[PDB]
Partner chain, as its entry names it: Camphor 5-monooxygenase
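Just one chain is shown here, as structure tokens, and it is the form solved without its partner chain.
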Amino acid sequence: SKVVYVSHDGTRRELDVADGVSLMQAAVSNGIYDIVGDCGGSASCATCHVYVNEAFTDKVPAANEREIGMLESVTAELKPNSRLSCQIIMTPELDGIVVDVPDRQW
């Protein structure tokens, strides 16, 4: 399934992500270092922060308590559509989803 990562400078990168893989795993596995899973993907850091395109913000599963609490630690601006990419798990239903990588993760 397709996932589009948009850098701060507008650079777009499209990856084919398998079912069950998180957006953080796909990013780090394909050189999108601007996203770094410091904690390893267990919602214990905020370095995998991304902005889910408003066209998918209400499709993807809502953030749980752990994520909501960890989001307050993001270094970039915390927007309404801010999410931790390690919490977004790919499925065919998310094909075409677009996420913007923040200017910084620290």
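Residue numbers count along the first chain shown, from 1.
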Inset, instruction - State which stretch shows the higher mean Cα B factor in the entry: 6-14 or 90-98. - result: 6-14
Legend entry - Average Cα temperature factor in the PDB entry - higher stretch of 77-85, 52-60: 52-60
Inset, instruction - Report the option among 35, 68, 43, 26 whose CA atom has the maximum B-factor in the deposited record. - result: 35
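This next part talks about the form solved in complex with its partner chain, which is not shown.
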Inset, instruction - Examine residue 61 and determine whether its closest non-hydrogen atom to its partner chain in the deposited bound form is within 4.5 angstroms. - result: no
Inset, instruction - Consider residue 54 of the chain shown here, and say whether it contacts its partner chain in the deposited bound form, taking contact as heavy atoms within 4.5 Å. - result: no
Inset, instruction - Using the partner position in the deposited bound form, report whether residue 78 sits within 4.5 Å of its partner chain, counting heavy atoms only. - result: no
